[PDB]
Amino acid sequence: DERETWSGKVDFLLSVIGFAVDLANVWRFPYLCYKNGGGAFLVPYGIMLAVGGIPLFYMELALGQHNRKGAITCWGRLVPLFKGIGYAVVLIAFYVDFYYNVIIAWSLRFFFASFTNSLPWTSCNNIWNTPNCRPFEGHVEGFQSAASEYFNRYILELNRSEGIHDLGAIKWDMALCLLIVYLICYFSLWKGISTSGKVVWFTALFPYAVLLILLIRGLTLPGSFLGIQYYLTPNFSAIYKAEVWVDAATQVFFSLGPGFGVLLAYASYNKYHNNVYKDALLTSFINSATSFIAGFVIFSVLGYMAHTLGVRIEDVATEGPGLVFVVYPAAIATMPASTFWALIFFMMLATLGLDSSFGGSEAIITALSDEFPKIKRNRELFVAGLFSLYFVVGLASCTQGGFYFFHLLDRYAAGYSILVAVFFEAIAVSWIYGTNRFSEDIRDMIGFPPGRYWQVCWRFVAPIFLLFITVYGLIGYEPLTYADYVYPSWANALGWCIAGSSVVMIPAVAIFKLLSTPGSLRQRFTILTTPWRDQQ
């Protein structure tokens, strides 16, 4: 009868807000604006967010709350034929923890590297430097900046690895950092929601404090207005381009993370009659809103670099890890009270990651706990058994060629896997389970049915939206490359197994569960398309 519930409502919101808001809100969204026409970019971004983005986000939250179970069991009880979706999502989440947690390790490595009167990455005269070192970022590949060479030749030691075939030694300063991250994750997640629910109070909130003072510090710098100009100055010639819409579509989907099994897990500890429609609208908004603020943070400082430091905006305006571990720390080193801004920046970067790691792990734990009561009472031992597996294989990212391994998983593990998974999630919930059947479930919870708007999106828009992203993801596909290095064919094939191992669960479970039931062909489908609620 009983299932554990959130203590207080805020904990749930902070957990969702936390999982949702991460480094991609910082090192991706602002860049996309800059590249896509600035203020103009908000139109396709907004529409995509409205039609495909929020509906999927809303959907999984409602499902999580209604069915009251983790990913595996919930999709089993919804469309038994499609129960495979549960396994696909849990595996993906499993693969992702292997790499993503290392970003937090880097944040902590820099944090620990940040207590000095003079930051190590400011000059070119150190031992890890090369004769080609520059004070700041340029447009030539052979000549890097001071901050770039610090990250590459010192922190990473990536220069000593000839590719993925050669990982080299193990940096045990990085191993230490990765352990500390998993230690924190353990002591956060081992007691369940009662703890993890209140830990996210700090980790979800802290970033906004630091965003606040970095925003002021940024806008009070010379040339900060020039940054904002590059960031938001509207160009609508981009709007006609399909590539922009794809960029908006893709960003919205991967920033919100709908159908990732995390939202499902969190909402499953919700009280049945809780209003999840408000929770979805507020939570989504806060995510995009956070990205918007962060753009100001970044580009104010990026403008100051182009003004006082004499670097071309093109060169310093970047996405991904490069932005936060090189470009931004570079500007910080120049301004007064540098040691202060560096310390809170890398701490923000860490707490930005932590929120999301909890969710990912939680999706896995909750999913398994429900399907296997065997591990449900043993949870304190289980996540230890989990994070241990994480840490062990995670050591591959702490080697000198560890980035090559990291970059491999980043492209393959969750990229095309979760898209097809969520695509079936949409088709399951709407075409199979039915919208009217679904809408009825929601009315029982929050008292009123979903508007015809939400019902249209879940049915026609969602699949086309997902399909739209998937198609252009395949169209523009290129073999895996990092910098001047080109991954071997056997490396790509390895990733495709990782990409395919999750997705294959969908048909596998269907075919298997189909042969394991009695009756006709059409008689078996009705058995596997009958919800668990209808059988009572």
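Counting begins at 1, following the sequence as shown.
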| item | value |
| --- | --- |
| 373-381 or 418-426, whichever carries the higher mean Cα B-factor | 373-381 |
| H66 - which third its CA temperature factor falls in, relative to the rest of the chain | middle |
| Entry-reported Cα temperature factor of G46, expressed as the chain third it lands in | lowest |
| Third of the chain, ranked by Cα B-factor, where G353 sits | lowest |
| CA B-factor ranking of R153, expressed as a third of its chain | middle |
| Third of the chain, ranked by Cα B-factor, where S15 sits | middle |
